[PDB]
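Remarks on the structure that follows.
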Amino acid sequence: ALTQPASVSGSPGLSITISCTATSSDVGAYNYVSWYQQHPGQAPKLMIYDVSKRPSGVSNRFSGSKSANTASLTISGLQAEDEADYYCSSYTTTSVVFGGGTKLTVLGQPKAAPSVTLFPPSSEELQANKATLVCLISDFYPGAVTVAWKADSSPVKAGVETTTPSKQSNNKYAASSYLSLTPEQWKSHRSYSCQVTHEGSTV
Amino acid sequence: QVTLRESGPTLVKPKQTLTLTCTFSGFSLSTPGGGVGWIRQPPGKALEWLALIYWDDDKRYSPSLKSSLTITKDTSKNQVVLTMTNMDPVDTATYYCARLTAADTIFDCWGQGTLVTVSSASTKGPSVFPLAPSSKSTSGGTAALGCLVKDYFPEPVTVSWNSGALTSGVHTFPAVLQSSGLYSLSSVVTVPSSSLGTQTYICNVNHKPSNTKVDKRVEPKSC
Amino acid sequence: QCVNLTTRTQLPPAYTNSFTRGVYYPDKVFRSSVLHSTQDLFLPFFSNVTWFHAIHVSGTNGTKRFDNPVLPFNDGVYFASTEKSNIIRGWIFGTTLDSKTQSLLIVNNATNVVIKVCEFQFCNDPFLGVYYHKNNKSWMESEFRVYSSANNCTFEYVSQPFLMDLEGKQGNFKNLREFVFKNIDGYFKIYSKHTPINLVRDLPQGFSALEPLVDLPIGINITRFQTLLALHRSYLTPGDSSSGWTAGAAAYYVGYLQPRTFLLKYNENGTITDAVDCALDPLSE
Amino acid sequence: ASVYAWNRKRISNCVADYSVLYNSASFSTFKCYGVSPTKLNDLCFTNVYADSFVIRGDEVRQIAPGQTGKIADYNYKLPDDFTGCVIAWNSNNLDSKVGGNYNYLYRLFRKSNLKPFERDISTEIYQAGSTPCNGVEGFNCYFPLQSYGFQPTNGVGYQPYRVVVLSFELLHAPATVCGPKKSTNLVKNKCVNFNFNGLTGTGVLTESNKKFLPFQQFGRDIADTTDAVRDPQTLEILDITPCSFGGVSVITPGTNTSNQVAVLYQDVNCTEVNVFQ
Amino acid sequence: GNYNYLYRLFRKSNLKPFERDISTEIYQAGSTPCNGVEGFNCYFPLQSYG
Ligand SMILES: *[C@@H]1O[C@H](CO)[C@@H](O)[C@H](O)[C@H]1NC(C)=O
Ligand SMILES: *[C@@H]1O[C@H](CO)[C@@H](O)[C@H](O)[C@H]1NC(C)=O
Ligand SMILES: *[C@@H]1O[C@H](CO)[C@@H](O)[C@H](O)[C@H]1NC(C)=O
Ligand SMILES: *[C@@H]1O[C@H](CO)[C@@H](O)[C@H](O)[C@H]1NC(C)=O
Ligand SMILES: *[C@@H]1O[C@H](CO)[C@@H](O)[C@H](O)[C@H]1NC(C)=O
Ligand SMILES: *[C@@H]1O[C@H](CO)[C@@H](O)[C@H](O)[C@H]1NC(C)=O
Ligand SMILES: *[C@@H]1O[C@H](CO)[C@@H](O)[C@H](O)[C@H]1NC(C)=O
Ligand SMILES: *[C@@H]1O[C@H](CO)[C@@H](O)[C@H](O)[C@H]1NC(C)=O
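Written out as structure tokens, the structure reads:
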């Protein structure tokens, strides 16, 4: 069982140590260890293949070795970059286990303000029994914030438990939402408040 | 040399036979050490190894689903079929076709990731509908168009504007299953309303199970 | 595929004289206008050599003389071929010749001289042969029944593959290739010389050198001698697989050698023009 | 292959460059229990013998002359006067599958004794006692060919190791298999010591106009003296002439009168050593 | 095995007649310099008799 911590984040440019457990007799000698790096939405990239030596495809400052019974990929130079999920992998006596995962993030980012843009549906999906008041929530780095609706009646869910967990090229996770309504009612409602709350800027 | 092509049906029935054809080229299952295999990984969860086809026709299985796990190979067609019998409802995960090039190099090659869901709900038609700006769509200046699609159970869908020509700056972020039981996602491509009527915007929906290539142009619509 | 094809009416074989034949280069030294002598294994001049006839006469009565017997190989042999259609194309050796000693397969049907030092058990009377197909109108090789129990091999010296004509036409002889299959100190020294001839039933007189072809470093025991001739079989001539073979017209003048000193006379260009037997009439001594 | 079915790859007519193999430094061990690791690239043999077998990392010392082992005393033994060499490297890179690679085989239970250089295909069941087998896998009868498993993440003593034996046997046939005879640059118009394949001596290597025969290489003179040879690399005639030598004769008057001398380098143009030729 | 008695395996060149040879420097075999580190092609020149 290659149990890994949830998310050990640190300051950029720091040699934070990633660890997984002893991998006892179920794992014979712990000689074939390969850390992974799975970016959200893409395939994992191999940062190391052996205990110490790394492959020639993604040769970078990703260094690490096993001291006594656990491996730790220490990154010091090329640390201020994108973040992903780490996975230490090894073979057991009869099987191959990947264990848990380490969703290491880059702590420290200047937050200014999110994006609150209302996008009413055009006159194409209304008459098709598919009216939807979509709301775009983006321009915020830390995770996916929770959207709040206070459109003068009550906080209704209406199917917004998505948060769209997918980062863009700028590593900014957008917390967009949608809204399911009645077939045809446009003039009877008002501007649905989509003032999302964000860490640092509640508005 | 890396021509890994992951295929197979996404929406499958409960207790069915899953077929995952992984086509490749270059390296084959002839030199010792080279071994193709599949790795199971649920969306947002960790990874786990299921099958590993080796050069010596060795079908190494995992003890978790040893009774139901089966995989074959084809050296002539360069296609490896993973036959996961008795698809349980919990088996919904994202499979990954890899290649064990050697004992030390643990799964050098990796595929793209094909999401396979298992349920009794049948497939549905798309809901491709443009998102044109309205009179109350001006908040801070961002009034980009959209290709919101809903009313479809198969989760993996891709939106390609102009058949992969206007795909510069696409921010289409997919979503998860809603409370009703239908997925939905819209495009957040960085296209202002200024250069909207002079250029053609056609988001070709790519639905794998239903195989419906619906095309719909985008124009600024009035009230 | 070994079936015995004798079909022979043998007669007491005749013998011919060696008119200054069997002189090669004992080494690779270059000398101009030098009369250096040495103790080598050259062929003595004016000596009775063994003659084997291989002409199939089909006239009034004719004869089917087809001789390929075993010959005691003491130290060497002076091989000649006064052929006109390239009939003789094989040379095999050995001590017992039945899966006991390392044998040879020096033969060239139509491709190249495949010097394969193999240890198969070839059968007692092997023979090659070509067919005159009526559907192709060409002399192609289609018979390679020499060895039966092919075993592992030790040395391969396949030369450049080529294509001959194998035209079994009659008339006057126009080619002569001499060879010396001697072996001393485990070195199968091979000599060769292609000289044109114009004769009917006599050995050509004169002097001719013998340039070395190849020096095989294999050190096997050679105490016998066997030739492999070609059977130009045809469909117009009747017969069966045991008697329907039509031999050509050729003859090889084999001759045993012995230690004998010789007085070589190198030319100004570096070739041996004349030589003295050093054992003939007292004038030569 | 394995120790049970170790094959023999005998190749003749070689130029065996063992220097690049000794300078490779990629294998685990290279120390062989035969001739010294040096000077073996200049001695010439008749032919080379090659084998192929794998043994775990715990018995890599059982391929030495005068050793005992349950794996080596019944699969592959060493000669009493082994003079060749044995090379082995870590095979845990491409021949070790997960769960135990059962491709290779091994045999440890044999009633008879094994002789050096004796490859057997004995597959019949073995009896570990006096009771006959009669074709059963029960008591007092065990199958000799067991599963040679390869755990990919086990100790070093269990990792696979590809072993090859290079026996330098000598026979009565002339020596053919030997390594590189390196050459140097060409020297012209200078008294230098040459190291040709056939001749070794001193002299001046100049050019000439005489042409040798296509098969002839060397060349002598009337009184058995070398005059010109052919360069083995490039087909060309090189006139080999003995460089300038002679005798020094000191012509001096009476020492009571003066003390000056005048040397005379005899039969030399003295451009190679008051000058008056 | 009395390990007090040992002999030298080899050296760079042949020893002169009646000449002492007391050295610890390992033999630099191959082409890569040993730099005083023992390993491949850097065996110890001395070896016990056993
Ligand atoms: C040919 O003759 C030999 C010996 O005379 C004999 O051993 C062999 O069986 C014969 N071949 C046939 C096909 O009879
Ligand atoms: C020897 O040669 C002479 C000259 O041709 C010949 O008359 C004689 O028959 C030959 N004798 C033998 C035994 O070959
Ligand atoms: C000759 O012609 C036949 C057709 O009758 C063909 O099968 C064959 O290949 C040709 N060549 C030879 C060498 O027989
Ligand atoms: C292989 O060659 C050796 C060497 O002469 C010989 O003893 C052995 O019988 C050969 N094996 C076979 C199967 O012909
Ligand atoms: C064969 O030749 C070898 C030398 O290569 C020699 O030792 C041996 O005695 C010879 N045997 C016979 C039967 O001539
Ligand atoms: C020697 O060689 C020269 C080369 O030009 C040639 O002219 C001459 O005829 C030759 N002499 C012979 C072959 O006797
Ligand atoms: C040997 O190599 C040299 C270098 O290219 C070349 O000039 C020469 O012709 C070669 N000799 C041969 C192939 O006999
Ligand atoms: C000595 O060398 C000179 C240099 O040209 C030459 O002219 C002279 O003939 C040489 N001496 C003799 C005796 O050849």
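Protein chains in written order, with my numbering: chain F, -3 to 199; chain B, 3 to 225; chain V, 65 to 349; chain H, 110 to 386; chain S, 953 to 1002.
Don't be surprised by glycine CBs; every beta carbon is placed ideally from N, CA and C.
Chain H within 8 Å of residue i, Cβ atoms only
| i | result |
| --- | --- |
| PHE992(S) | yes |
| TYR56(B) | yes |
| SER983(S) | yes |
| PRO281(V) | yes |
| residue 226(B) | Only positions 3 to 225 of chain B appear in this structure, which leaves residue 226(B) out of reach. |
| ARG62(B) | yes |
Under the three-state DSSP convention, the category residue i falls into
| i | result |
| --- | --- |
| residue 218(F) | An answer regarding residue 218(F) cannot be provided, because it is not within the stretch -3 to 199 covered by chain F. |
| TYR235(H) | strand |
| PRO276(V) | strand |
| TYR131(H) | helix |
| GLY60(F) | strand |
| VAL130(B) | coil |
| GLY142(B) | coil |
| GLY266(H) | helix |
| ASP153(B) | strand |
| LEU67(B) | helix |
| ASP93(B) | helix |
Same chain, Cβ closer than 8 Å to residue i, five either side skipped, listed in chain order
| i | result |
| --- | --- |
| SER231(H) | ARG216, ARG219, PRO253 |
| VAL67(V) | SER305, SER306 |
| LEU279(H) | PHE154, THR155 |
| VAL370(H) | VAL359, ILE360, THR361 |
Same chain, Cβ closer than 6 Å to residue i, five either side skipped, listed in chain order
| i | result |
| --- | --- |
| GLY232(V) | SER149, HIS296, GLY312 |
| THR74(B) | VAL83 |
| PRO261(H) | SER205, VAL207 |
| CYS300(H) | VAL313, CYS352 |
| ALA181(H) | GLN171 |
| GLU147(V) | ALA314 |
Cutoff 8 Å: residue i Cβ touching any chain V Cβ
| i | result |
| --- | --- |
| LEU152(H) | no |
| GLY310(H) | no |
Min CB distance residue i to chain B below 8 Å
| i | result |
| --- | --- |
| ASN199(H) | no |
| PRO51(F) | yes |
| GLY155(F) | yes |
| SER176(F) | yes |
| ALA170(F) | yes |
Close beta carbons around residue i, own chain, < 7 Å, minus the five adjacent residues each side
| i | result |
| --- | --- |
| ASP104(V) | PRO90, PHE326 |
| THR33(B) | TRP57 |
Below-8 Å beta-carbon distance, residue i vs any chain S residue
| i | result |
| --- | --- |
| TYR131(H) | yes |
| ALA282(H) | no |
| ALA134(H) | yes |
CB contact below 8 Å: residue i versus chain F
| i | result |
| --- | --- |
| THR125(B) | no |
Which residues are close to ligand 1, meaning CB closer than 7 Å to any heavy atom, in chain order?
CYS66(V), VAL67(V), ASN68(V), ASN188(V), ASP189(V)
Below 9 Å between beta carbons is the criterion; list the residues of the segment 225 to 253 of chain V that meet it against any residue of chain H, in chain order.
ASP249, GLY250, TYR251
Near-chain H residues of the segment 81 to 95 of chain F (beta-carbon distance less than 9 Å), N- to C-terminal order
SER86, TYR87, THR88, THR89, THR90, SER91, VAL92
Using a Cβ-Cβ cutoff of 8 Å, what residues of the segment 20 to 38 of chain F are near chain H? List them in chain order.
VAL23, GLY24, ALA25, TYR26, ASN27, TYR28
Please identify, using Cβ separations under 7 Å, the residues of the segment 199 to 223 of chain H that lie next to chain B, in order along the chain.
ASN201, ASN202, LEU203, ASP204, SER205, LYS206, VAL207, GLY208, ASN212
At a CB distance below 7 Å, what residues from the segment 84 to 95 of chain V approach chain H? Give them in sequence order.
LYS92, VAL93, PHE94, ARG95
Pocket of ligand 3 defined by Cβ to heavy atom distance under 6 Å
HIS197(V), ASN199(V), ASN200(V), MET204(V)
The segment 245 to 274 of chain H: which residues have C-beta closer than 7 Å to a C-beta of chain B, in chain order?
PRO261
Anything in the segment 98 to 127 of chain F with a Cβ closer than 9 Å to a Cβ of chain B? List those residues in chain order, please.
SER111, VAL112, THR113, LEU114, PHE115, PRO116, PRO117, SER118, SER119, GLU120, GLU121, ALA124, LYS126
Kindly provide the chain-ordered list of residues whose Cβ lies closer than 6 Å to any non-hydrogen atom of ligand 2.
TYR79(V), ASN81(V), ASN112(V)
Chain H contacts made by the segment 96 to 120 of chain B, where a contact means CB separation under 8 Å
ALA104, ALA105, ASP106
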